[PDB]
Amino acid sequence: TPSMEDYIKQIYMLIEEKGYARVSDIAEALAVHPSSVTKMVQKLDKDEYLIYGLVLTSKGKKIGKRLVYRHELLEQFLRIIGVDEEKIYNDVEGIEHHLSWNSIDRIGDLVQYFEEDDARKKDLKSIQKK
């Protein structure tokens, strides 16, 4: 579920940054009540994404890494096509949960398409002026 994804991603990021993931830190990151975190952590434990501080299983590690990649890729996509930086995080936080892997792969190809030659970015800019 979208929510589950947000928690897995935040948990992965906390562990990578701090070394560990406190319920309290997840609550702050997501702007939710700790009860909401505790409930989700239970579903995550049950579904074998983590154990119990919280330690991701190999499945939870793989999934979290892909979720962070997806986020970064999506920000990079919106940045390249020239969306105002302030708007990017909010849009990615929403759209990330509704793109198939197929779309994400194709978006990956599109980002590499532009990154591989700045001249295509300049042409995109030229279109934006028109």
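Counting begins at 1, following the sequence as shown.
Interresidue gap class [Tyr52, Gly53; deposited sequence, unmodelled]: Some 4 to 9 residues are missing between them.
Stretch with the greater mean C-alpha B-factor as recorded in the entry, comparing 118-126 against 103-111: If you average the C-alpha B-factors of 118-126 and of 103-111, the larger mean comes out for 118-126.
37-45 versus 93-101 - which carries the larger mean C-alpha B factor in the record: Mean C-alpha B-factor is greater for 37-45.
C-alpha B-factor winner, where the candidates are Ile81, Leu30, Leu74, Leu67: Reading the PDB entry, the winner on C-alpha B-factor is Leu30.
For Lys18, the third of its chain into which the C-alpha B factor falls: Answer is middle: the recorded C-alpha B-factor places it there.
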